[PDB]
Every structure is written in structure tokens, then in C-alpha cells.
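Worksheet: one structure, shown below.
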There are 6 protein chains.
Amino acid sequence: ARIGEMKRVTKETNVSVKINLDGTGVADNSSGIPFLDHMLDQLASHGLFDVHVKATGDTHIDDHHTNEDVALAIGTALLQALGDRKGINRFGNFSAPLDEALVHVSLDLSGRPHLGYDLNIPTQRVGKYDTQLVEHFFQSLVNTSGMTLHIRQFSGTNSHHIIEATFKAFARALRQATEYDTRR
Amino acid sequence: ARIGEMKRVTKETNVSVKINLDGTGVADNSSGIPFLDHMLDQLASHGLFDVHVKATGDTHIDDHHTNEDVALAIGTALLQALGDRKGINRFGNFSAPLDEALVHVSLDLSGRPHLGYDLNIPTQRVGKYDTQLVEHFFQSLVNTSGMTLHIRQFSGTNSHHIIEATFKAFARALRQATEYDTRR
Amino acid sequence: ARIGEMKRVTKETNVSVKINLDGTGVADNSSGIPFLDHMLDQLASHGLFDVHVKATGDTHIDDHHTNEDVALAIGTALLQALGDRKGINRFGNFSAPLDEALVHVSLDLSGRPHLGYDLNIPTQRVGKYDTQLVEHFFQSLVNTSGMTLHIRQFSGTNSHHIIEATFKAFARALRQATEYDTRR
Amino acid sequence: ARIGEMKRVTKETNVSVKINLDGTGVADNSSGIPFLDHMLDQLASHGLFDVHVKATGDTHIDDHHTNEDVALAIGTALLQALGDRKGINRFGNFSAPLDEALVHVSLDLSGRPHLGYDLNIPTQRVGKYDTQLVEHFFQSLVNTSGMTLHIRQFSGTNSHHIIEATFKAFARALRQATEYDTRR
Amino acid sequence: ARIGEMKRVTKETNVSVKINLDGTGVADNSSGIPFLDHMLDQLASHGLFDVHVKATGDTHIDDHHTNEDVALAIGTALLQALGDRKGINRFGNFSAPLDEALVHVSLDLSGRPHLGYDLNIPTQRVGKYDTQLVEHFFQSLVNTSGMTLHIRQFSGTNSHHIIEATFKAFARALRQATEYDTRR
Amino acid sequence: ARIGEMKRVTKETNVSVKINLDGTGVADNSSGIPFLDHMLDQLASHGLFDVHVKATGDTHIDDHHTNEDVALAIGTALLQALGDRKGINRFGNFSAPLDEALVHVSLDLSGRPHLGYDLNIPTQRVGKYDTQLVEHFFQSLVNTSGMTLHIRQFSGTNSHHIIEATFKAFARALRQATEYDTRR
Ligand SMILES: [Mn+2]
Ligand SMILES: [Mn+2]
Ligand SMILES: [Mn+2]
Ligand SMILES: [Mn+2]
Ligand SMILES: [Mn+2]
Ligand SMILES: [Mn+2]
Ligand SMILES: [Mn+2]
Ligand SMILES: [Mn+2]
Ligand SMILES: [Mn+2]
Ligand SMILES: [Mn+2]
Ligand SMILES: [Mn+2]
Ligand SMILES: [Mn+2]
């Protein structure tokens, strides 16, 4: 079983993250951003990962500093759990429909960080969550994990449906890339 | 050491401000606007100034009256600390990058107030802070300090990055203008 | 194990080609076009095929006649190795990301030749290789193998990345079409 | 004196790189790309760095693989020479004129990689050097060094002048960011 | 101390010019064009140069012949004072704000003459001075001094403010280029 | 007989140039750029000049540095051969047709350098010669000779015809300007 963990203390945030690639879908997420916790639970259920996030920070100013630090910690823990990446598929593709929304995700674990972001979120706030942080979350994740990620939206009107369809497609594409190849 | 202070009591706000131009970066800022306190801390760290702000006011209506009165007090304290402005550079230029954002600041301490504002902030709120108050803050500062200030944005998408890059470039351009010229 | 071979002698070129569909990724390619050899190696590694190409020709005039004859020989050897095509999937789909580039390939082995080509290569030369020969290579391959092939580009700026992402997606889509179906 | 070195052996390239930040401008560059060696010499002379590059590779196919591997090695050696980055300016700005060309460079050493590229090179080849590799060189450098880099062109017609003005502005902006701050 | 002088007698003008690069700002300018004398005084004060100009000519026809001959003499005296240009920075950059006006100047002392002029002066006369002579002054200066000069305007409405901001930025950029570099 | 010579040694090029204005058309040109030698021969035959150029340089990088240094040496040798320019026409005009191409050249020897370039060369390479160097050649020639030169194209499609018609018109216009005026 491949397991990654990370702990970082700064002047703004305290974050502890644990990821298990060979899991059954256990989700224990508790940060100061309730909507981000809803998103991280879908990554565990649809990807069959074990995700544990504990974070506290200066949310009285904004959610920006907490959102950025959580994404960096998840990316670092993913890199250490992967190790040498020998015998894995390294490629993942998935399209996820959610009512009127449809998002396609293509990723490859290569060591070269790149993000291709094409999303059109109509509203500025979903709950208390600022929708500009969706791009910032995925940009910080690929900078520490060294992955190439492409996200494209084909349809969608509702802000909740578009974002939560994106996390479903990312979880299942990451699962396919991390499974061992059966060779011939 | 050049030190300026100001104290003003009105029917809406009570403000006390202390500025030291020859400092080491001590920041003690406490008003009713948490995001403005985050911005004023960067002016102390990047500009090597000592900034102390204490303010209370009618924030139950809006942040407008408190934001305006703090900016006027900072400008007045800056003017008294400068004094005769003899032997100083009087000019400052700096461009500050922050991820995808890039802001250039040009200022000159001449006694003639003028503001050139060219910023494109995409969202209406960052946290609880209204983004229309960024222009109002800098307009009130140059009216009491008598400075010529130009702000121009070359790139940027994130609202937090654009504003906080502006304060970094302003702090380092003000620091260069207040240093003593070495002559030949 | 399904193995195909071909040998053709004309007044311009001499070509010998051997293909093994049940392979481990052995690549032995030696023609007069170094960039084409780089492309054919990726088909062996990503598709788990055994590819052997030996060719000599009148490269002092152009690479056109050598490039065309190699593609025809590969298509003929593929057809003979497939045989009756009984019990195979016959369909393959894959999207391959390579930094900023993203290419999708859809193919089906039906006996009816058709090529759908949608690529936008910005430069005229990559090394010494003429970029007009990428279309000519795939058109000659489907004319002798009798396959329906669709290629579409979604993003990309670098000429090397776009072409070499196309060969990766073609290799993995061809591999999926040639595997035996497990039925129920 | 801060010195960084790197050695990487792959199936395509062999690269050894040595960088000294406290140097006098010694340049010893020898790869398979003569135009890149001309560019790396200007970084030593204008930046007062000591740069040593030795590389061999499969240039018979293209210059792509050699150009990419050299840029990655330089970025890694720069990161190790910087160390904790304590007491340095961390910011650099410079505009460099070269006849009709004018390029501005803004950089900051923060640990977050980002590239802003705005160049308009009119021709496809300068000598034997492919002009698409100028972007690929700077993208690979910031991915391993963790720096934020912005490049903007204001004028220029000649391809040689535009590129070689870019390297002059980058060298002097990097020099300013690596000097120790004098504090008060 | 580096000092340059020039004396030229033609059928239209008599000009004597003396320039000292290591000065304290002494200005003694007396030609037949009062507005040009106002401009040359700012070059001495802001650049810390010693400038002495004495000229008489056929101003009853136009100011063209006198303006052209003064600029040629200043450029020649600057070249002789520079000498071998060993140990100097050779590069200068400055942006100067003057109320609503903002002008940026970039120069380099290389021996190759080039002028990049981008100014938008709204009126045809400032006092008795023809505004077409601003371009003619700087073109004649770079032809005799062998310098590369770029001038760009970012804002401005008043003709007096735009021109006199240009001379301020040119003086401080020339001062930076002529100072001795401190090396490491 | 008016004869000019020049010899310059730099770190990149070694150039020796000899020009005779009262000649019979002897051409002895040998540099590392064969197409430039073809152009310089037409200047001797059509202008009745004696031109001798010997140059070696770092052509393994590019032809840029060799092309620039040859043009500077020719311009300097032309200036010294002219001397006081007493009794000469100082003006030259010629239009040269070459099949479908037609180029007009107007020049005047005044001591004030200026280049007016209006050419539309359709291709990027003629042989191994980069077509961007045609402008760079004539710009460097007028900077050292102090001449005013205007070049305008009225028709033409073939790259070889357009360039070689330009050199024919320049040679005959320069010949007319250097002949002694017969007065009344
Ligand atoms: Mn951020
Ligand atoms: Mn939901
Ligand atoms: Mn107000
Ligand atoms: Mn912040
Ligand atoms: Mn053909
Ligand atoms: Mn490759
Ligand atoms: Mn690459
Ligand atoms: Mn060069
Ligand atoms: Mn004139
Ligand atoms: Mn004035
Ligand atoms: Mn040049
Ligand atoms: Mn010819």
C-alpha cells in the first residue's frame, strides 16, 4: 500500500494531510472551508482513495491562504506515495455528466507540471466559497505533484453542478493512471 | 529618525496612526477591516517601515467611513515625517510580480497631489472587503501627503494577487524615494 | 502470436518491414529519415508492439518517396497479421496530453479506408523533416490496412510536441482495438 | 561563494552544468547547439556569473531534446546555489535596448513557478536554431528553479537582436535579485 | 574628472559647448531660444552635470538652424568626455512623472546610433518654441554621440509637462549609465 | 585617385577592405558569405569601382556578425576616400529594372546619416543567406559613411531579382554622386 503524508506550519496556516492510493473510500476532511470539504469527499468516494485533511488558518481575512496551502500539501503527499511510478498506466481520461453539466479531464504523470484550464463558472459565490479559488486549487496541486492536467467544459449552467462534476472526473482519471498495468 | 503621528476624532471614527520612516519592519495594525490590516502589514515588511494603526468606527453600516479616515491619517503623518525633504531622492519606481499578476508603480514627492489609477479588479468582494475601496484608499492618501502617484496593471486575473501586488510595489517605490541621495 | 512482414523493391526504394502484435516493445528502426525513426520507436514502447523497419532510397532528392513507401509497407503487414479479426475489440479511443498539446485518436478496423485529419502544425520543418509528410504517412497507412481513422487536435503550440503526441495516442488506440474481447 | 552543479544521464543526452553566483564572468560553454552557446556567454558577461555547460546528445534528430535538458540542469543548479535565500533582494527588473529592439524582464525568486512569455520573433530560423525553442528554454528553467518570470517585448524587427536582448535583460535582472540587501 | 568641449563656426551659427560629467549641477546656458535654455537647466540639476552653452545665430528666420547646431555640439562633447567607456554601467533606465504626464527613457552607450521616438505633443507652440524641434534635437544628439535611445509616453495632456518630463527622465538615465560600476 | 582602406580585428571577425573610386571595375571579394560576394561584384561592374574585401569570422553560429562588420568597414573606407567632397555632384538618382522587378535609389552625401528602407522580399532565404540581413547591411553602411539613402520598390516577385536590382541602382547612383561637376 502506497501512503503519503505531509505537515507544514507557516505564519498563516497549519496543515496535516494523509493520502492512501490503495483505499476503500474513507473520507475524514475537516478544514475551515465547508464547501472544499464537500469536494474532497467526492475524491475519496469516486476515486476509492483514503483522504484525511486537517487544517486551521486565518479564515477571518479570506479563504485564499487556507485554500492554497491545502492544495500544496495534497500534491506533495501524492508525489511521495507514487514513488518510482514503475508498472503503472500513467495516463487517465474520463468525462463526467452531472445533469446539464459535462466536464472532461485528461492527465498524465510525467514530472513536468502544466495546467490547462477551460471552465466557465457563471456566479461569483457558490455558498461562502469564492469561485476564483477553483483554478488556484488545481494550479497549486500540479506544481507540487509534477503532473500534466487538462480540464475542458462542454456544457453546464449551474455553478454547483459544474464544479462538482469536475472533481468527479478528476478522481476517476487519477484512479486509472495509478492502477498497475497488466502488460500482455 | 523621522517619525509622524496623527489623531483625529469625528462623529463616525476614532483613528490613531504612527509611522517611522527609519524602521526595521515592525507592524502593529488593528482596525475593523481585517483585509486592510493584511495589506498594511506588507507595507511594513517590504518597505522596512514601522506602521502602527488603531481605529474603531461604525462598521455596522459600511467599511467606507473607516477606510477613508485611515487613509487620510496615514497621508498626514507621512507629510510631517518628511519635513523639508532635503537630500532625498524624491523619486521611486518598481514593478512587482505576483504569480500571473504584474503591477508597476511610479511616484514622486513634489507637493502637488495627483492620482493615476489603472487597475482591473474582476470581482466585487475579496473577503468581506469591497473592491471599490482600493481606489478610495489611494486617492485619500495623496490628497493629504501631496504626492504624484501612477499605478498601472500589465497582467493579472486573481483579485487577491492583483491588490496585494499593488501594495508591494508601492512600498518599495516609497522606500526608494525616501532614502538619502549619496550625491557624487 | 500474430506476425506480419512485407518486402517491396521499386526503382526508388527498398523496404523490409516486420510487425508483431503480441510483443514487449522491441524497436529496431533504421531508415534514411531520423525523425521518422524517433516516431516509430514510440509506437513500439506505448503500444507494446515489436516494430522492425529497414529502408534505403533516394533521399538525395527528397524524403517524400521513402516516407510514402514505408507507410504502405506497414499497413500491408498490419493487415496480414490481423487475419480474420475474430474475437477482437475492433475499436480504440485515446486522448494523449504532452505538455500544452492534446490530441485525440479514434479508429476502427472495418475494411473500409477513411482518414479524418485535423492537425495544425505551425512550422514547416521540425528538424530536416518536412511537416507535410505527417498527413501523407497516415493516408498511405489506411489505404493498405483498410481502417477508419480520425485525428483531432484540441491544443498545442510546439511542433515536436504535437506530432509526437499524435503517435502516442495512435499506438494506444491501436493496442486497444487489437486485444481479444473477454465477452461476458 | 555560492556554487551549484548538476549531472544527469538519460537515453538521449548527457549534461554537466556548473554555476557560480559570485563570479567575474568566466564563460566555458560547449554543447551541440552553437547559437545557444552564444546566448549563454552573454549571461556570464552581463550577469557577472561563472557558467560552465558541457553537453552531448542526439542532435542528428533535432535540437529539441538537448535544448530541454540543458535548461532543466541550469535551473536545478541555480536552486541549490541559492540555498535558504536569506538576506537577498529576491526581486529584479531591467529593460535592455539593442538597436531597434527593447525587451523588459521582471522576475522574483519565490518558490512558485510561473512564466509570462510575450515575444514576437518574425523568422523561423536564426542560424540552424529553431526559434520555437526560446520559449521551451525559459519554461524548463522556471520549472526546476521555482521562479516567477515575466518577459515582454516593446519593439524589434531583427530576430538576432530580439533574442539576444532578452538574455541581456534576464542576466542583469537575475544579478539584482541575488545581491545581498544592505538593510538600512 | 571627464570634461568635453566643442566649438563650431558656420555661415549660420556660432556655438561653444562645455560639459562636465563629474559635476554638482552648475547651469550656464545662453542661446537665442529661451525655452531650450529652460530645458537644458533641468539636465544639469537632475543629472548633476555641469552644462555651459553659448550660441548665436540667424533666429530672425527660424529657430531650426540654431536648435540643430546646439544638439550636434552637445553630442560631440559628450563622446569625447566618455573616452574609452571602461568600467561604466553603459545602461540607464528611468520613468519620470510630472502631474498627469509620465515618460520612460531607456538608453545604452554602444557606438551605434539609433532613436526610438514615441511622443504625442498636442499643441504646435509652447511659447515661441516650435514643438517639431523636440524630435530634431534628440535625433541630432544621438548621431554625434553614438547612442541608442528609446523614448515612450504613457500619459500626458499638457505640452509643457510632457516635454519637461522627457528631459528629467533623460538626465537621470544618462547619469546612471555614466557612473562607474562597483563590480562585486 | 581616391582610395580608402580599413582593417578591424574583434573577438568575432577579421576584416580588411579596400575601395578605389576611380577604377575600372576590378572585383576581388572573398568572405564567408557567397551570396554577399555575388552582390559586391555587381557594385564593381556597374559602378566602375575597385572593391576588395577579405573577411573571416564565426559563421558557424550565424552570418549576422560577419555581415555587420563588412558593412561598417566599407562605409568607413568610403568616407576617407571622399575627403573634403569638393567639386563633386553629391547627388545621385537611378531606377534599375530587372525582369519584373524595379527599384529606385536616391542618395546624397551630406554627413547626416539616414536610411529610408521600403522593400518587400517574399522569401526568408535566397540560398543560405538570410533576407533580414539586407536591411542590416545598408543601415550599417550609412552609419559610418554619413549619407542619406532612400530605397523604394515599385514591382517585383522574385527574391533574387529584387535584391540584385537594388545593388545595381545603388552602384550607379553612388557613381553619379562621386563624379566631379563640370560647372558651367
Ligand atoms: Mn495565491
Ligand atoms: Mn453536491
Ligand atoms: Mn468617501
Ligand atoms: Mn496575501
Ligand atoms: Mn506521394
Ligand atoms: Mn521527442
Ligand atoms: Mn519538450
Ligand atoms: Mn550576437
Ligand atoms: Mn534640420
Ligand atoms: Mn517648467
Ligand atoms: Mn546587429
Ligand atoms: Mn544574379
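Each chain in the C-alpha cells gets a letter, A, B and so on, in the order shown; residues start at 1 in every chain, and ligands are counted from 1 in the order they appear.
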
task = For ligand 11, collect every residue having any atom at a distance of at most 12 Å from a ligand atom (counting only C-alpha atoms and all ligand atoms); output as a ChimeraX atom specification.
result = /D:98-101,156-165 /E:110,112 /F:62-72,132-140

ask   = Would you give me, as a PyMOL selection string, the residues in segment 5-125 of chain E that DSSP reads as strand (DSSP E)?
value = chain E and resi 5-9+13-20+27-30+50-57+91-98+101-109+114-118

Take the residues that were just selected and, keeping N, CA and C atoms, output them as a short mmCIF file (atom, residue, chain, number, x, y, z; two decimals), in the first residue's frame.
data_model
loop_
_atom_site.label_atom_id
_atom_site.label_comp_id
_atom_site.auth_asym_id
_atom_site.auth_seq_id
_atom_site.Cartn_x
_atom_site.Cartn_y
_atom_site.Cartn_z
N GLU E 5 34.47 69.59 -24.60
CA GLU E 5 34.21 70.91 -25.16
C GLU E 5 34.15 70.83 -26.68
N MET E 6 33.49 71.81 -27.28
CA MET E 6 33.32 71.86 -28.73
C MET E 6 33.11 73.30 -29.17
N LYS E 7 33.63 73.62 -30.35
CA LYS E 7 33.48 74.95 -30.94
C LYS E 7 33.36 74.81 -32.45
N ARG E 8 32.25 75.28 -33.01
CA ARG E 8 32.00 75.18 -34.44
C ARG E 8 31.47 76.52 -34.95
N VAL E 9 32.02 76.97 -36.07
CA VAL E 9 31.61 78.21 -36.73
C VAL E 9 31.15 77.87 -38.14
N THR E 13 25.54 79.84 -37.68
CA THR E 13 25.56 79.76 -36.23
C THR E 13 26.99 79.77 -35.71
N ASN E 14 27.15 80.25 -34.48
CA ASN E 14 28.39 80.15 -33.72
C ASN E 14 28.06 79.53 -32.37
N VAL E 15 28.68 78.40 -32.06
CA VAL E 15 28.30 77.60 -30.89
C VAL E 15 29.56 77.20 -30.12
N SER E 16 29.51 77.36 -28.80
CA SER E 16 30.54 76.85 -27.89
C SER E 16 29.85 76.11 -26.75
N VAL E 17 30.28 74.88 -26.49
CA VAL E 17 29.62 74.00 -25.54
C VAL E 17 30.67 73.34 -24.65
N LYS E 18 30.40 73.28 -23.35
CA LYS E 18 31.27 72.61 -22.39
C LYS E 18 30.44 71.74 -21.45
N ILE E 19 30.85 70.48 -21.29
CA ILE E 19 30.13 69.50 -20.49
C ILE E 19 31.10 68.85 -19.52
N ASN E 20 30.67 68.70 -18.26
CA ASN E 20 31.46 68.02 -17.23
C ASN E 20 30.58 66.94 -16.62
N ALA E 27 24.65 75.35 -13.99
CA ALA E 27 24.00 75.58 -15.28
C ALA E 27 24.26 77.01 -15.72
N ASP E 28 24.90 77.16 -16.88
CA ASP E 28 25.12 78.47 -17.51
C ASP E 28 24.79 78.31 -18.99
N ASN E 29 23.53 78.52 -19.35
CA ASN E 29 23.05 78.32 -20.71
C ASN E 29 22.49 79.63 -21.25
N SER E 30 22.98 80.03 -22.42
CA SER E 30 22.54 81.29 -23.03
C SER E 30 22.60 81.13 -24.55
N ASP E 50 27.54 69.55 -15.25
CA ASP E 50 27.88 70.95 -15.46
C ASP E 50 27.74 71.23 -16.95
N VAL E 51 26.76 72.05 -17.32
CA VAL E 51 26.43 72.32 -18.71
C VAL E 51 26.61 73.81 -18.98
N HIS E 52 27.40 74.13 -20.00
CA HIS E 52 27.62 75.50 -20.43
C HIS E 52 27.43 75.58 -21.94
N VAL E 53 26.46 76.38 -22.38
CA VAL E 53 26.15 76.55 -23.79
C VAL E 53 26.11 78.03 -24.11
N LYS E 54 26.84 78.44 -25.15
CA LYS E 54 26.79 79.80 -25.67
C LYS E 54 26.61 79.73 -27.17
N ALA E 55 25.55 80.36 -27.68
CA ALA E 55 25.23 80.26 -29.09
C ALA E 55 24.56 81.53 -29.58
N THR E 56 24.88 81.92 -30.81
CA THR E 56 24.19 82.99 -31.52
C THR E 56 24.00 82.55 -32.97
N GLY E 57 22.95 83.05 -33.59
CA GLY E 57 22.63 82.59 -34.93
C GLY E 57 21.51 83.39 -35.56
N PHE E 91 24.33 51.45 -19.19
CA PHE E 91 22.89 51.30 -19.34
C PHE E 91 22.17 52.19 -18.34
N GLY E 92 21.06 52.78 -18.78
CA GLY E 92 20.25 53.63 -17.93
C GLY E 92 18.77 53.54 -18.21
N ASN E 93 17.96 53.50 -17.14
CA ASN E 93 16.51 53.41 -17.25
C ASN E 93 15.88 54.31 -16.20
N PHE E 94 14.83 55.03 -16.59
CA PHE E 94 14.11 55.88 -15.64
C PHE E 94 12.74 56.25 -16.19
N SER E 95 11.75 56.28 -15.30
CA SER E 95 10.42 56.80 -15.60
C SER E 95 10.18 58.02 -14.72
N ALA E 96 9.74 59.12 -15.33
CA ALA E 96 9.58 60.38 -14.62
C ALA E 96 8.12 60.84 -14.66
N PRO E 97 7.45 60.97 -13.52
CA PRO E 97 6.11 61.55 -13.51
C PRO E 97 6.13 63.05 -13.26
N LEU E 98 5.25 63.76 -13.98
CA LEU E 98 5.09 65.20 -13.80
C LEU E 98 3.59 65.49 -13.94
N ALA E 101 1.52 63.69 -16.59
CA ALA E 101 2.42 63.16 -17.61
C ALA E 101 3.35 62.10 -17.03
N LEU E 102 3.74 61.15 -17.88
CA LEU E 102 4.62 60.06 -17.48
C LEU E 102 5.41 59.59 -18.70
N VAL E 103 6.73 59.73 -18.65
CA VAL E 103 7.61 59.41 -19.77
C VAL E 103 8.70 58.46 -19.28
N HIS E 104 8.97 57.41 -20.07
CA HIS E 104 10.02 56.45 -19.77
C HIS E 104 11.14 56.56 -20.80
N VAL E 105 12.38 56.51 -20.33
CA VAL E 105 13.56 56.65 -21.17
C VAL E 105 14.49 55.47 -20.94
N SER E 106 14.92 54.83 -22.03
CA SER E 106 15.89 53.74 -21.99
C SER E 106 17.02 54.05 -22.96
N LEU E 107 18.26 53.99 -22.48
CA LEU E 107 19.41 54.32 -23.31
C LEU E 107 20.56 53.37 -23.02
N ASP E 108 21.47 53.27 -23.98
CA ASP E 108 22.67 52.46 -23.86
C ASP E 108 23.76 53.06 -24.73
N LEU E 109 24.96 53.21 -24.17
CA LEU E 109 26.09 53.82 -24.87
C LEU E 109 26.90 52.72 -25.54
N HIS E 114 20.89 55.14 -32.79
CA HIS E 114 19.51 54.80 -33.09
C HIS E 114 18.60 55.61 -32.18
N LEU E 115 17.48 56.08 -32.72
CA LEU E 115 16.49 56.83 -31.96
C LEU E 115 15.12 56.19 -32.11
N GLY E 116 14.49 55.87 -30.98
CA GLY E 116 13.10 55.46 -30.97
C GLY E 116 12.24 56.50 -30.29
N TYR E 117 11.43 57.22 -31.07
CA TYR E 117 10.69 58.38 -30.60
C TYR E 117 9.20 58.08 -30.63
N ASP E 118 8.56 58.09 -29.46
CA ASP E 118 7.10 57.92 -29.36
C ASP E 118 6.59 58.98 -28.39
#

request  = Could you please write out, as a ChimeraX atom specification, every residue of segment 8-101 of chain E that DSSP assigns to helix (DSSP H, G or I)?
outcome  = /E:34-47,64-82

The selected residues should be written to file as a short mmCIF file (atom, residue, chain, number, x, y, z; two decimals), in the first residue's frame (atoms: N, CA, C and O atoms).
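For reference, part.cif as written:
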data_model
loop_
_atom_site.label_atom_id
_atom_site.label_comp_id
_atom_site.auth_asym_id
_atom_site.auth_seq_id
_atom_site.Cartn_x
_atom_site.Cartn_y
_atom_site.Cartn_z
N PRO E 34 14.87 80.87 -25.56
CA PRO E 34 14.67 80.82 -24.10
C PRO E 34 14.10 79.51 -23.58
O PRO E 34 14.46 79.09 -22.47
N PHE E 35 13.22 78.85 -24.34
CA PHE E 35 12.63 77.61 -23.85
C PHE E 35 13.64 76.48 -23.83
O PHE E 35 13.59 75.61 -22.95
N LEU E 36 14.57 76.46 -24.79
CA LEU E 36 15.61 75.44 -24.79
C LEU E 36 16.55 75.62 -23.61
O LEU E 36 17.06 74.64 -23.06
N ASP E 37 16.80 76.87 -23.21
CA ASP E 37 17.62 77.13 -22.02
C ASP E 37 16.94 76.61 -20.76
O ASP E 37 17.61 76.11 -19.85
N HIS E 38 15.61 76.73 -20.68
CA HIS E 38 14.87 76.17 -19.56
C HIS E 38 15.01 74.65 -19.52
O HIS E 38 15.10 74.05 -18.44
N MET E 39 15.05 74.01 -20.69
CA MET E 39 15.19 72.56 -20.74
C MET E 39 16.59 72.11 -20.36
O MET E 39 16.77 71.10 -19.67
N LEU E 40 17.61 72.86 -20.80
CA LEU E 40 18.99 72.46 -20.53
C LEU E 40 19.36 72.65 -19.06
O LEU E 40 20.27 71.98 -18.57
N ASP E 41 18.67 73.55 -18.35
CA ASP E 41 18.92 73.71 -16.93
C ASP E 41 18.48 72.49 -16.14
O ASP E 41 19.12 72.11 -15.15
N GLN E 42 17.37 71.85 -16.54
CA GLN E 42 16.90 70.66 -15.85
C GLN E 42 17.86 69.49 -16.03
O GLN E 42 17.94 68.61 -15.16
N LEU E 43 18.59 69.44 -17.15
CA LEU E 43 19.57 68.39 -17.35
C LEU E 43 20.73 68.52 -16.37
O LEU E 43 21.29 67.52 -15.92
N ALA E 44 21.08 69.76 -16.00
CA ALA E 44 22.15 69.96 -15.03
C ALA E 44 21.70 69.64 -13.61
O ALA E 44 22.44 69.03 -12.84
N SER E 45 20.48 70.06 -13.25
CA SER E 45 20.03 69.88 -11.87
C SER E 45 19.70 68.42 -11.58
O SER E 45 20.09 67.88 -10.53
N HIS E 46 18.98 67.76 -12.48
CA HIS E 46 18.56 66.38 -12.24
C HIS E 46 19.67 65.38 -12.53
O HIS E 46 19.71 64.31 -11.91
N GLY E 47 20.56 65.69 -13.47
CA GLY E 47 21.66 64.80 -13.80
C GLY E 47 22.95 65.06 -13.06
O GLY E 47 23.89 64.26 -13.19
N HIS E 64 15.27 76.77 -36.28
CA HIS E 64 15.67 75.44 -36.73
C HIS E 64 17.19 75.29 -36.77
O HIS E 64 17.73 74.32 -36.24
N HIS E 65 17.88 76.24 -37.40
CA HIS E 65 19.32 76.09 -37.59
C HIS E 65 20.08 76.19 -36.27
O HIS E 65 21.09 75.49 -36.08
N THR E 66 19.62 77.03 -35.35
CA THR E 66 20.26 77.14 -34.05
C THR E 66 20.00 75.90 -33.19
O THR E 66 20.91 75.41 -32.51
N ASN E 67 18.78 75.38 -33.23
CA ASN E 67 18.44 74.19 -32.45
C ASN E 67 19.24 72.98 -32.92
O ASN E 67 19.69 72.17 -32.10
N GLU E 68 19.42 72.83 -34.23
CA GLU E 68 20.14 71.68 -34.77
C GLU E 68 21.63 71.74 -34.41
O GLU E 68 22.23 70.71 -34.07
N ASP E 69 22.23 72.93 -34.48
CA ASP E 69 23.67 73.04 -34.24
C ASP E 69 24.03 72.86 -32.77
O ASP E 69 25.11 72.35 -32.46
N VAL E 70 23.15 73.27 -31.86
CA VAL E 70 23.40 73.08 -30.44
C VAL E 70 23.39 71.59 -30.09
O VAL E 70 24.24 71.11 -29.33
N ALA E 71 22.45 70.84 -30.66
CA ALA E 71 22.34 69.41 -30.36
C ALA E 71 23.55 68.64 -30.87
O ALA E 71 24.01 67.69 -30.23
N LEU E 72 24.07 69.01 -32.05
CA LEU E 72 25.25 68.34 -32.58
C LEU E 72 26.48 68.60 -31.71
O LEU E 72 27.30 67.70 -31.51
N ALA E 73 26.61 69.82 -31.20
CA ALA E 73 27.77 70.16 -30.38
C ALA E 73 27.74 69.44 -29.03
O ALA E 73 28.78 69.02 -28.52
N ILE E 74 26.55 69.31 -28.44
CA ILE E 74 26.43 68.61 -27.16
C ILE E 74 26.78 67.13 -27.33
O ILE E 74 27.46 66.54 -26.48
N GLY E 75 26.35 66.52 -28.43
CA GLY E 75 26.65 65.12 -28.66
C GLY E 75 28.13 64.85 -28.86
O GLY E 75 28.66 63.85 -28.38
N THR E 76 28.82 65.75 -29.58
CA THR E 76 30.25 65.57 -29.80
C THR E 76 31.03 65.73 -28.50
O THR E 76 31.96 64.96 -28.23
N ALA E 77 30.67 66.72 -27.67
CA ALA E 77 31.37 66.93 -26.41
C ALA E 77 31.14 65.78 -25.44
O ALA E 77 32.02 65.44 -24.64
N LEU E 78 29.95 65.17 -25.49
CA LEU E 78 29.67 64.00 -24.66
C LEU E 78 30.55 62.82 -25.05
O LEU E 78 31.03 62.08 -24.18
N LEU E 79 30.76 62.62 -26.35
CA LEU E 79 31.56 61.49 -26.82
C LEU E 79 33.01 61.61 -26.37
O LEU E 79 33.63 60.62 -25.98
N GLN E 80 33.57 62.82 -26.41
CA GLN E 80 34.98 62.99 -26.07
C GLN E 80 35.20 62.88 -24.56
O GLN E 80 36.25 62.41 -24.11
N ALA E 81 34.21 63.29 -23.77
CA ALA E 81 34.32 63.16 -22.32
C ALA E 81 34.24 61.70 -21.88
O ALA E 81 34.86 61.31 -20.88
N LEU E 82 33.47 60.88 -22.61
CA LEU E 82 33.34 59.47 -22.25
C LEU E 82 34.66 58.72 -22.43
O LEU E 82 35.03 57.89 -21.60
#

request  = Work out how far apart atom CA of residue 152 of chain B and atom CA of residue 154 of chain E are and give it in Å to one decimal.
outcome  =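 Atom-to-atom, atom CA of residue 152 of chain B to atom CA of residue 154 of chain E, that is 9.9 Å.
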
request  = Work out how far apart atom CA of residue 126 of chain F and atom CA of residue 33 of chain D are and give it in Å to one decimal.
outcome  =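 For atom CA of residue 126 of chain F relative to atom CA of residue 33 of chain D, the distance reads 23.4 Å.
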
key: Contact residues around residue 90 of chain C with only C-alpha atoms at 10 Å, ignoring same-chain residues under 2 positions, as an NGL selection string   = :C and (85-88 or 92 or 107-110 or 147 or 174-181)

ask   = Nearest to chain E among F:143, F:10, F:155, F:59, with distances taken over only C-alpha atoms: which residue is it?
value =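 Comparing F:143, F:10, F:155, F:59 against chain E, the winner is F:143.
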
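Here atom CA of residue 113 of chain E is placed at a distance of 5.6 Å from atom CA of residue 142 of chain E.
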
request  = Return the single residue from C:58, C:22, C:130, C:84 that is closest to chain A, with distances computed using only C-alpha atoms.
outcome  =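 Residue with the minimum atom-to-atom distance to chain A: C:22.
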
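Candidate residues F:153, F:89, F:24, F:123 were compared for distance to chain D, and the nearest is F:123, using only C-alpha atoms.
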